$ cat protein08.cif   # mmCIF, C-alpha atoms and all ligand atoms
data_data
#
loop_
_atom_site.group_PDB
_atom_site.id
_atom_site.type_symbol
_atom_site.label_atom_id
_atom_site.label_comp_id
_atom_site.auth_asym_id
_atom_site.auth_seq_id
_atom_site.Cartn_x
_atom_site.Cartn_y
_atom_site.Cartn_z
ATOM 1 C CA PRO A 1 -6.891 -14.889 9.344
ATOM 2 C CA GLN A 2 -7.585 -14.529 5.591
ATOM 3 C CA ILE A 3 -8.449 -10.947 4.660
ATOM 4 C CA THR A 4 -10.239 -10.091 1.406
ATOM 5 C CA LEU A 5 -9.762 -6.685 -0.196
ATOM 6 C CA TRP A 6 -13.311 -5.496 -1.035
ATOM 7 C CA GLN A 7 -12.850 -2.948 1.776
ATOM 8 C CA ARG A 8 -9.701 -1.391 3.216
ATOM 9 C CA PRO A 9 -7.775 -4.007 5.347
ATOM 10 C CA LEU A 10 -8.028 -1.995 8.575
ATOM 11 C CA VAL A 11 -7.109 -3.789 11.794
ATOM 12 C CA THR A 12 -6.638 -2.895 15.436
ATOM 13 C CA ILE A 13 -3.073 -2.413 16.683
ATOM 14 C CA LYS A 14 -1.842 -1.842 20.235
ATOM 15 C CA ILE A 15 1.164 0.399 20.914
ATOM 16 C CA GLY A 16 2.128 2.135 24.154
ATOM 17 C CA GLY A 17 -0.846 0.384 25.788
ATOM 18 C CA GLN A 18 -3.304 2.133 23.425
ATOM 19 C CA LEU A 19 -5.495 0.787 20.649
ATOM 20 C CA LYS A 20 -5.355 2.379 17.202
ATOM 21 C CA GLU A 21 -6.713 1.472 13.764
ATOM 22 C CA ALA A 22 -4.149 0.790 11.036
ATOM 23 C CA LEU A 23 -4.057 -0.268 7.395
ATOM 24 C CA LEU A 24 -2.197 -3.478 6.335
ATOM 25 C CA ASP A 25 -0.227 -2.055 3.387
ATOM 26 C CA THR A 26 1.821 -4.382 1.216
ATOM 27 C CA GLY A 27 2.916 -1.396 -0.932
ATOM 28 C CA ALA A 28 4.681 0.231 2.033
ATOM 29 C CA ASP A 29 8.205 -0.846 2.883
ATOM 30 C CA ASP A 30 7.919 0.683 6.405
ATOM 31 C CA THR A 31 5.336 1.308 9.130
ATOM 32 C CA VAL A 32 4.237 4.891 9.600
ATOM 33 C CA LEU A 33 1.961 6.072 12.361
ATOM 34 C CA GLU A 34 0.293 9.439 12.887
ATOM 35 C CA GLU A 35 1.739 11.822 15.540
ATOM 36 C CA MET A 36 2.156 10.076 18.904
ATOM 37 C CA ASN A 37 4.590 9.765 21.787
ATOM 38 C CA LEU A 38 7.149 6.952 21.733
ATOM 39 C CA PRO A 39 10.042 6.218 24.122
ATOM 40 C CA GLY A 40 13.736 6.697 23.543
ATOM 41 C CA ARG A 41 15.716 8.420 20.847
ATOM 42 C CA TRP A 42 14.697 8.888 17.247
ATOM 43 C CA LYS A 43 16.673 9.207 13.993
ATOM 44 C CA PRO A 44 15.724 11.110 10.831
ATOM 45 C CA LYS A 45 14.203 9.407 7.824
ATOM 46 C CA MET A 46 12.899 10.616 4.467
ATOM 47 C CA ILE A 47 10.103 8.512 2.985
ATOM 48 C CA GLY A 48 8.598 8.752 -0.463
ATOM 49 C CA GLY A 49 4.886 8.418 -0.998
ATOM 50 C CA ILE A 50 2.542 8.901 -3.920
ATOM 51 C CA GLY A 51 2.659 12.708 -3.478
ATOM 52 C CA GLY A 52 6.355 13.152 -2.744
ATOM 53 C CA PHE A 53 8.869 12.860 0.106
ATOM 54 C CA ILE A 54 8.256 13.659 3.785
ATOM 55 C CA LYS A 55 10.395 13.779 6.938
ATOM 56 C CA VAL A 56 9.476 11.326 9.708
ATOM 57 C CA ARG A 57 10.877 10.331 13.117
ATOM 58 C CA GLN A 58 12.336 6.812 13.191
ATOM 59 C CA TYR A 59 12.020 4.837 16.439
ATOM 60 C CA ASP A 60 13.606 1.422 16.656
ATOM 61 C CA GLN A 61 12.750 -1.756 18.613
ATOM 62 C CA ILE A 62 9.224 -0.631 19.526
ATOM 63 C CA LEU A 63 6.703 -3.111 20.867
ATOM 64 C CA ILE A 64 3.522 -3.218 18.758
ATOM 65 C CA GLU A 65 0.693 -5.768 18.559
ATOM 66 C CA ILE A 66 -1.052 -6.095 15.177
ATOM 67 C CA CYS A 67 -4.357 -7.948 14.936
ATOM 68 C CA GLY A 68 -3.259 -9.918 18.068
ATOM 69 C CA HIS A 69 0.261 -10.761 16.782
ATOM 70 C CA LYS A 70 3.206 -9.316 18.709
ATOM 71 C CA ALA A 71 5.982 -7.555 16.831
ATOM 72 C CA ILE A 72 9.031 -5.529 17.908
ATOM 73 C CA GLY A 73 10.535 -3.279 15.271
ATOM 74 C CA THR A 74 10.908 0.053 13.560
ATOM 75 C CA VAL A 75 8.049 2.528 13.755
ATOM 76 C CA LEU A 76 8.100 5.823 11.875
ATOM 77 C CA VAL A 77 6.041 8.770 13.125
ATOM 78 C CA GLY A 78 4.878 11.562 10.838
ATOM 79 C CA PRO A 79 2.114 13.102 8.726
ATOM 80 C CA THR A 80 0.248 10.263 7.099
ATOM 81 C CA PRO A 81 -3.375 10.166 5.907
ATOM 82 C CA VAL A 82 -3.733 6.852 7.895
ATOM 83 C CA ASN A 83 -1.686 4.656 10.202
ATOM 84 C CA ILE A 84 0.092 2.162 7.900
ATOM 85 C CA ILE A 85 1.600 -1.228 8.761
ATOM 86 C CA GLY A 86 4.299 -1.838 6.143
ATOM 87 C CA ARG A 87 6.307 -4.856 5.153
ATOM 88 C CA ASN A 88 8.852 -4.502 7.999
ATOM 89 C CA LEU A 89 6.077 -5.551 10.459
ATOM 90 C CA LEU A 90 3.844 -7.599 8.079
ATOM 91 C CA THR A 91 6.803 -10.035 7.778
ATOM 92 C CA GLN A 92 7.007 -10.263 11.608
ATOM 93 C CA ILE A 93 3.353 -11.358 11.821
ATOM 94 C CA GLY A 94 3.805 -13.968 9.018
ATOM 95 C CA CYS A 95 1.754 -12.137 6.381
ATOM 96 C CA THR A 96 1.715 -13.166 2.710
ATOM 97 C CA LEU A 97 -0.381 -12.321 -0.379
ATOM 98 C CA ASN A 98 -2.226 -15.212 -1.971
ATOM 99 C CA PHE A 99 -4.225 -15.812 -5.156
ATOM 100 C CA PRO B 1 0.855 -18.191 -5.876
ATOM 101 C CA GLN B 2 1.904 -17.265 -2.342
ATOM 102 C CA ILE B 3 3.821 -14.017 -2.487
ATOM 103 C CA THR B 4 6.285 -13.299 0.252
ATOM 104 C CA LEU B 5 6.590 -9.828 1.790
ATOM 105 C CA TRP B 6 10.366 -10.070 2.453
ATOM 106 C CA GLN B 7 10.687 -7.995 -0.800
ATOM 107 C CA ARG B 8 8.288 -5.636 -2.525
ATOM 108 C CA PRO B 9 5.495 -7.758 -4.123
ATOM 109 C CA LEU B 10 6.359 -6.852 -7.737
ATOM 110 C CA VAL B 11 4.702 -8.876 -10.507
ATOM 111 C CA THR B 12 4.397 -8.765 -14.315
ATOM 112 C CA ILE B 13 1.263 -7.234 -15.764
ATOM 113 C CA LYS B 14 -0.003 -6.968 -19.334
ATOM 114 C CA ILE B 15 -1.985 -3.864 -20.353
ATOM 115 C CA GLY B 16 -2.717 -2.347 -23.801
ATOM 116 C CA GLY B 17 -0.383 -4.957 -25.319
ATOM 117 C CA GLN B 18 2.511 -3.833 -23.053
ATOM 118 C CA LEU B 19 4.373 -5.883 -20.410
ATOM 119 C CA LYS B 20 5.114 -3.880 -17.264
ATOM 120 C CA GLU B 21 6.181 -4.504 -13.648
ATOM 121 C CA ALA B 22 3.728 -3.469 -10.926
ATOM 122 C CA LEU B 23 3.422 -3.485 -7.140
ATOM 123 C CA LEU B 24 0.557 -5.433 -5.456
ATOM 124 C CA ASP B 25 -0.595 -2.794 -2.984
ATOM 125 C CA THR B 26 -3.252 -3.628 -0.401
ATOM 126 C CA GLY B 27 -2.966 -0.052 0.941
ATOM 127 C CA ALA B 28 -4.063 1.458 -2.398
ATOM 128 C CA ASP B 29 -7.783 1.846 -3.015
ATOM 129 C CA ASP B 30 -7.113 2.289 -6.756
ATOM 130 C CA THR B 31 -4.760 1.112 -9.501
ATOM 131 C CA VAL B 32 -2.345 3.822 -10.713
ATOM 132 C CA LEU B 33 0.131 3.409 -13.519
ATOM 133 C CA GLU B 34 2.982 5.610 -14.683
ATOM 134 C CA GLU B 35 2.300 7.729 -17.775
ATOM 135 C CA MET B 36 1.004 5.751 -20.725
ATOM 136 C CA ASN B 37 -1.691 5.953 -23.380
ATOM 137 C CA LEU B 38 -5.002 4.108 -22.864
ATOM 138 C CA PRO B 39 -8.076 3.861 -25.143
ATOM 139 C CA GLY B 40 -11.431 5.546 -24.530
ATOM 140 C CA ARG B 41 -12.779 8.474 -22.515
ATOM 141 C CA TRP B 42 -11.088 9.709 -19.345
ATOM 142 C CA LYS B 43 -11.748 12.216 -16.621
ATOM 143 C CA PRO B 44 -9.368 13.943 -14.178
ATOM 144 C CA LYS B 45 -8.978 12.857 -10.552
ATOM 145 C CA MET B 46 -6.760 13.698 -7.556
ATOM 146 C CA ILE B 47 -5.375 10.847 -5.466
ATOM 147 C CA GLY B 48 -3.761 11.312 -2.101
ATOM 148 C CA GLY B 49 -1.206 9.496 -0.071
ATOM 149 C CA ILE B 50 1.955 10.122 1.883
ATOM 150 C CA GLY B 51 3.438 13.353 0.603
ATOM 151 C CA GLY B 52 0.190 14.765 -0.714
ATOM 152 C CA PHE B 53 -1.764 14.482 -3.925
ATOM 153 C CA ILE B 54 -1.161 13.834 -7.611
ATOM 154 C CA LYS B 55 -3.432 14.567 -10.592
ATOM 155 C CA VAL B 56 -4.232 11.500 -12.682
ATOM 156 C CA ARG B 57 -6.436 10.541 -15.661
ATOM 157 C CA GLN B 58 -9.191 8.022 -14.864
ATOM 158 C CA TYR B 59 -9.976 5.371 -17.533
ATOM 159 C CA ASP B 60 -12.811 2.947 -16.856
ATOM 160 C CA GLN B 61 -13.408 -0.651 -18.098
ATOM 161 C CA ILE B 62 -9.721 -1.398 -18.769
ATOM 162 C CA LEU B 63 -8.497 -4.964 -19.209
ATOM 163 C CA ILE B 64 -5.320 -5.936 -17.295
ATOM 164 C CA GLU B 65 -3.709 -9.365 -16.952
ATOM 165 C CA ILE B 66 -1.994 -9.620 -13.550
ATOM 166 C CA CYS B 67 0.454 -12.460 -12.988
ATOM 167 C CA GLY B 68 -1.620 -14.466 -15.532
ATOM 168 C CA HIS B 69 -5.072 -13.560 -14.110
ATOM 169 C CA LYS B 70 -7.544 -11.376 -16.041
ATOM 170 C CA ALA B 71 -9.061 -8.364 -14.201
ATOM 171 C CA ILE B 72 -11.157 -5.481 -15.608
ATOM 172 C CA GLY B 73 -11.642 -2.160 -13.879
ATOM 173 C CA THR B 74 -10.729 1.468 -13.541
ATOM 174 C CA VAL B 75 -7.105 2.361 -14.188
ATOM 175 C CA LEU B 76 -5.634 5.717 -13.184
ATOM 176 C CA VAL B 77 -2.627 7.127 -15.070
ATOM 177 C CA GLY B 78 -0.277 9.770 -13.692
ATOM 178 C CA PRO B 79 3.038 10.653 -12.029
ATOM 179 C CA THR B 80 3.195 7.802 -9.554
ATOM 180 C CA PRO B 81 6.778 6.760 -8.577
ATOM 181 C CA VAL B 82 5.866 3.056 -9.297
ATOM 182 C CA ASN B 83 3.050 1.157 -11.106
ATOM 183 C CA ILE B 84 0.508 0.149 -8.402
ATOM 184 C CA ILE B 85 -2.176 -2.566 -8.580
ATOM 185 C CA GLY B 86 -4.741 -1.457 -5.972
ATOM 186 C CA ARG B 87 -7.648 -3.178 -4.290
ATOM 187 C CA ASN B 88 -10.079 -2.530 -7.125
ATOM 188 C CA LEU B 89 -8.172 -5.081 -9.304
ATOM 189 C CA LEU B 90 -6.662 -7.228 -6.496
ATOM 190 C CA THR B 91 -10.192 -8.363 -5.551
ATOM 191 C CA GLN B 92 -10.818 -9.491 -9.173
ATOM 192 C CA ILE B 93 -7.895 -11.933 -9.125
ATOM 193 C CA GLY B 94 -8.971 -13.317 -5.693
ATOM 194 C CA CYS B 95 -6.002 -11.782 -3.864
ATOM 195 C CA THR B 96 -6.078 -12.073 -0.062
ATOM 196 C CA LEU B 97 -3.779 -11.220 2.904
ATOM 197 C CA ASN B 98 -3.040 -14.239 5.083
ATOM 198 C CA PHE B 99 -1.425 -14.660 8.493
HETATM 199 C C1 LIG C 1 -9.953 9.055 -0.338
HETATM 200 O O1 LIG C 1 -9.249 7.819 -0.271
HETATM 201 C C2 LIG C 1 -7.888 7.958 -0.128
HETATM 202 O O2 LIG C 1 -7.294 9.021 -0.043
HETATM 203 N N1 LIG C 1 -7.284 6.713 -0.077
HETATM 204 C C3 LIG C 1 -5.847 6.578 0.123
HETATM 205 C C4 LIG C 1 -5.403 5.749 -1.049
HETATM 206 O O3 LIG C 1 -5.795 4.609 -1.250
HETATM 207 N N2 LIG C 1 -4.532 6.428 -1.871
HETATM 208 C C5 LIG C 1 -3.994 5.826 -3.035
HETATM 209 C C6 LIG C 1 -4.861 5.362 -4.017
HETATM 210 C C7 LIG C 1 -4.350 4.778 -5.153
HETATM 211 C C8 LIG C 1 -2.987 4.655 -5.309
HETATM 212 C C9 LIG C 1 -2.129 5.100 -4.337
HETATM 213 C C10 LIG C 1 -2.616 5.692 -3.189
HETATM 214 C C11 LIG C 1 -1.607 6.131 -2.156
HETATM 215 C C12 LIG C 1 -1.656 5.044 -1.102
HETATM 216 C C13 LIG C 1 -0.618 3.979 -1.379
HETATM 217 C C14 LIG C 1 -0.577 3.108 -0.148
HETATM 218 N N3 LIG C 1 0.521 2.094 -0.283
HETATM 219 C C15 LIG C 1 1.845 2.656 -0.689
HETATM 220 C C16 LIG C 1 2.421 3.351 0.514
HETATM 221 O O4 LIG C 1 3.766 3.502 0.132
HETATM 222 C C17 LIG C 1 4.320 4.696 0.376
HETATM 223 O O5 LIG C 1 3.749 5.629 0.925
HETATM 224 N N4 LIG C 1 5.614 4.685 -0.052
HETATM 225 C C18 LIG C 1 6.680 4.292 0.833
HETATM 226 C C19 LIG C 1 6.315 4.141 2.272
HETATM 227 C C20 LIG C 1 7.276 3.661 3.127
HETATM 228 C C21 LIG C 1 6.975 3.519 4.460
HETATM 229 C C22 LIG C 1 5.735 3.821 4.971
HETATM 230 C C23 LIG C 1 4.761 4.280 4.127
HETATM 231 C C24 LIG C 1 5.073 4.441 2.801
HETATM 232 C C25 LIG C 1 1.650 3.638 -1.840
HETATM 233 O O6 LIG C 1 0.658 4.634 -1.525
HETATM 234 C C26 LIG C 1 -5.518 5.851 1.425
HETATM 235 C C27 LIG C 1 -6.345 6.298 2.612
HETATM 236 C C28 LIG C 1 -6.485 7.634 2.964
HETATM 237 C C29 LIG C 1 -7.250 8.006 4.055
HETATM 238 C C30 LIG C 1 -7.875 7.026 4.800
HETATM 239 C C31 LIG C 1 -7.729 5.690 4.462
HETATM 240 C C32 LIG C 1 -6.963 5.324 3.374
HETATM 241 C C33 LIG C 1 -4.065 5.845 1.810
HETATM 242 C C34 LIG C 1 -3.300 6.997 1.876
HETATM 243 C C35 LIG C 1 -1.979 6.940 2.274
HETATM 244 C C36 LIG C 1 -1.417 5.725 2.607
HETATM 245 C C37 LIG C 1 -2.177 4.576 2.552
HETATM 246 C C38 LIG C 1 -3.492 4.646 2.154
HETATM 247 CL CL CL C 2 11.704 -3.370 11.673
HETATM 248 CL CL CL C 3 -12.838 -0.563 -10.670
HETATM 249 CL CL CL C 4 -13.865 -12.994 -2.688
#
$ encode --input "protein08.cif" --output "C-alpha cells"
Amino acid sequence: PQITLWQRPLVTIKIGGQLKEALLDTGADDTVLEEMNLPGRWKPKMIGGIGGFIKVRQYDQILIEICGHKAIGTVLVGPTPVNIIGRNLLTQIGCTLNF
Amino acid sequence: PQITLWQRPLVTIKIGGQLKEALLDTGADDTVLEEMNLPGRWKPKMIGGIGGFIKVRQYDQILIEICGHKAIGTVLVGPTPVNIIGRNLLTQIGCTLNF
C-alpha cells in the first residue's frame, strides 16, 4: 500500500498469534513493543529516545506479521508510549519513503 | 526521490538561512530541531517519546525547505538528540510510506 501521513501510520501487526496496533516509524532504528510475553532468551539493550535512554529486553528471530507482510527479526520489549515498528522490520516488508 | 530504509533517512534541510541534516520521521507527530534561534513569537510545549518528555519552544508559520521541497508549519526547538522532520511537514512535501 501507499500510506499518507495526515494521521499517524498505525497498522495491525500479529505476534504470538495476537493482533496489536503499531506505528510505522522511519525515525526508529529498532522495533519496540509494549510489555508482552515472548519465547526464548533475551539480551539487554539500551535505546535512546527523545526523552533519554531506557533499558529494554531484546528477543531475536521472532515471527511478526506487519500489515499482512511476514517478517522474522529482532523485537525489543519495554516501556514505550506506543508499539513501534522500526527500520529493522520496515526493510523486511519492503518499505520506502517517497516524495 | 525514493528513500531507502537500510540507513536512517537523513536529508538536507534549509531553515532560517542555515543548512542542516534532519531525519524523516513518520513516527513523529511534530518537527523538532536542536537548539537554534527562530523569528517570531513562541510558546512552551512538552513532547513525549521513548525515555520521557522534553521541553521545547513552539514557533508557528516557519518556512523549511526539505530535500528541495518547500513546506511551512510549526517547528519545535529543544534538546532533541537529532533534528526530526515530523508528519506535520512530511505531508506538505507529499511524503508517503510505500510497500
Ligand atoms: C501526544 O502525542 C504524542 O505523545 N505523540 C508521540 C510523538 O509523536 N512524539 C514526538 C513528537 C515529535 C518529535 C518526536 C517525538 C518522539 C517520537 C519519535 C518517534 N520516532 C523516533 C523514535 O526513535 C527513538 O525512539 N529513538 C531510537 C529508537 C530505537 C528503537 C526503537 C525505538 C526508538 C523519535 O521519537 C508519539 C505517540 C505517543 C502516544 C501515542 C501515539 C503516538 C510517539 C511516542 C513515542 C514513539 C513514537 C511515537
Ligand atoms: Cl532484525
Ligand atoms: Cl504545522
Ligand atoms: Cl496527499
$ resolve_selection --input "protein08.cif" --expression "the PyMOL selection byres (((chain A and resi 43) around 9) and not hetatm)" --output "VMD selection string"
chain A and resid 41 to 42 44 to 45 56 to 60
$ resolve_selection --input "protein08.cif" --expression "the PyMOL selection byres ((chain B) within 9 of (chain A))" --output "VMD selection string"
chain B and resid 1 to 9 23 to 29 47 to 54 79 to 82 84 87 to 88 90 to 91 93 to 99
$ atom_distance --input "protein08.cif" --atom1 "atom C6 of ligand LIG 1 (chain C)" --atom2 "CA of residue 33 in chain B"
10.9 Å
$ resolve_selection --input "protein08.cif" --expression "the PyMOL selection byres (((chain B and resi 68) around 9) and not hetatm)" --output "mmCIF file with C-alpha atoms, in the frame of the given file"
data_model
loop_
_atom_site.group_PDB
_atom_site.id
_atom_site.type_symbol
_atom_site.label_atom_id
_atom_site.label_comp_id
_atom_site.auth_asym_id
_atom_site.auth_seq_id
_atom_site.Cartn_x
_atom_site.Cartn_y
_atom_site.Cartn_z
ATOM 1 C CA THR B 12 4.397 -8.765 -14.315
ATOM 2 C CA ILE B 13 1.263 -7.234 -15.764
ATOM 3 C CA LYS B 14 -0.003 -6.968 -19.334
ATOM 4 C CA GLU B 65 -3.709 -9.365 -16.952
ATOM 5 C CA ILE B 66 -1.994 -9.620 -13.550
ATOM 6 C CA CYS B 67 0.454 -12.460 -12.988
ATOM 7 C CA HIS B 69 -5.072 -13.560 -14.110
ATOM 8 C CA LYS B 70 -7.544 -11.376 -16.041
#
$ closest_residue --input "protein08.cif" --among "A:15, A:35, A:30, A:20" --to "residue 62 in chain A" --atoms "all atoms listed in the file"
A:15
$ calpha_fit_rmsd --input "protein08.cif" --fixed "chain A" --moving "chain B"
0.5 Å
$ atom_distance --input "protein08.cif" --atom1 "CA of residue 39 in chain B" --atom2 "CA of residue 63 in chain B"
10.6 Å
$ closest_residue --input "protein08.cif" --among "A:61, A:37, A:46, A:31" --to "residue 73 in chain A" --atoms "only C-alpha atoms"
A:61
$ atom_distance --input "protein08.cif" --atom1 "CA of residue 18 in chain A" --atom2 "atom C6 of ligand LIG 1 (chain C)"
27.7 Å
$ axis_aligned_box --input "protein08.cif" --around "range 81-86 of chain B" --padding-each-side "4 Å" --output "JSON"
{"center_x": 1.0, "center_y": 2.1, "center_z": -8.5, "size_x": 19.5, "size_y": 17.3, "size_z": 13.1}
$ closest_residue --input "protein08.cif" --among "B:72, B:40, B:64, B:34" --to "ligand LIG 1 (chain C)" --atoms "all atoms listed in the file"
B:34
$ build_atoms --input "protein08.cif" --residues "range 22-36 of chain A" --atoms "N, CA, C and O atoms" --output "short mmCIF file (atom, residue, chain, number, x, y, z; two decimals), keeping the file's coordinate frame"
data_model
loop_
_atom_site.label_atom_id
_atom_site.label_comp_id
_atom_site.auth_asym_id
_atom_site.auth_seq_id
_atom_site.Cartn_x
_atom_site.Cartn_y
_atom_site.Cartn_z
N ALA A 22 -5.20 0.65 12.01
CA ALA A 22 -4.15 0.79 11.04
C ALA A 22 -4.42 -0.06 9.81
O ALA A 22 -5.11 -1.08 9.88
N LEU A 23 -3.86 0.38 8.68
CA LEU A 23 -4.06 -0.27 7.40
C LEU A 23 -2.92 -1.24 7.09
O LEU A 23 -1.74 -0.85 7.15
N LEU A 24 -3.24 -2.51 6.74
CA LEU A 24 -2.20 -3.48 6.34
C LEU A 24 -1.84 -3.13 4.89
O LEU A 24 -2.66 -3.29 3.99
N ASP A 25 -0.63 -2.59 4.68
CA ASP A 25 -0.23 -2.06 3.39
C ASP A 25 0.98 -2.74 2.78
O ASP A 25 2.12 -2.44 3.13
N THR A 26 0.72 -3.66 1.85
CA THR A 26 1.82 -4.38 1.22
C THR A 26 2.66 -3.50 0.30
O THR A 26 3.78 -3.92 -0.05
N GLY A 27 2.16 -2.33 -0.08
CA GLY A 27 2.92 -1.40 -0.93
C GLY A 27 3.88 -0.53 -0.15
O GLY A 27 4.70 0.19 -0.74
N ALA A 28 3.80 -0.57 1.19
CA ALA A 28 4.68 0.23 2.03
C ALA A 28 5.84 -0.61 2.53
O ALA A 28 5.63 -1.70 3.09
N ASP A 29 7.07 -0.09 2.37
CA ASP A 29 8.20 -0.85 2.88
C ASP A 29 8.25 -0.79 4.41
O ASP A 29 8.70 -1.74 5.05
N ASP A 30 7.83 0.36 4.98
CA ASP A 30 7.92 0.68 6.40
C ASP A 30 6.58 0.96 7.01
O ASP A 30 5.61 1.15 6.31
N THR A 31 6.53 1.03 8.35
CA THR A 31 5.34 1.31 9.13
C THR A 31 5.39 2.77 9.52
O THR A 31 6.40 3.23 10.06
N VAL A 32 4.30 3.49 9.24
CA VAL A 32 4.24 4.89 9.60
C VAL A 32 2.95 5.17 10.33
O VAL A 32 1.84 4.88 9.84
N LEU A 33 3.10 5.74 11.52
CA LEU A 33 1.96 6.07 12.36
C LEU A 33 1.83 7.57 12.49
O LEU A 33 2.81 8.31 12.44
N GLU A 34 0.59 8.03 12.67
CA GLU A 34 0.29 9.44 12.89
C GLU A 34 0.95 9.91 14.20
O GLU A 34 1.28 9.08 15.06
N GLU A 35 1.13 11.23 14.36
CA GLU A 35 1.74 11.82 15.54
C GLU A 35 1.31 11.16 16.83
O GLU A 35 0.12 10.98 17.11
N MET A 36 2.32 10.76 17.63
CA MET A 36 2.16 10.08 18.90
C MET A 36 3.48 10.14 19.65
O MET A 36 4.52 10.47 19.06
#
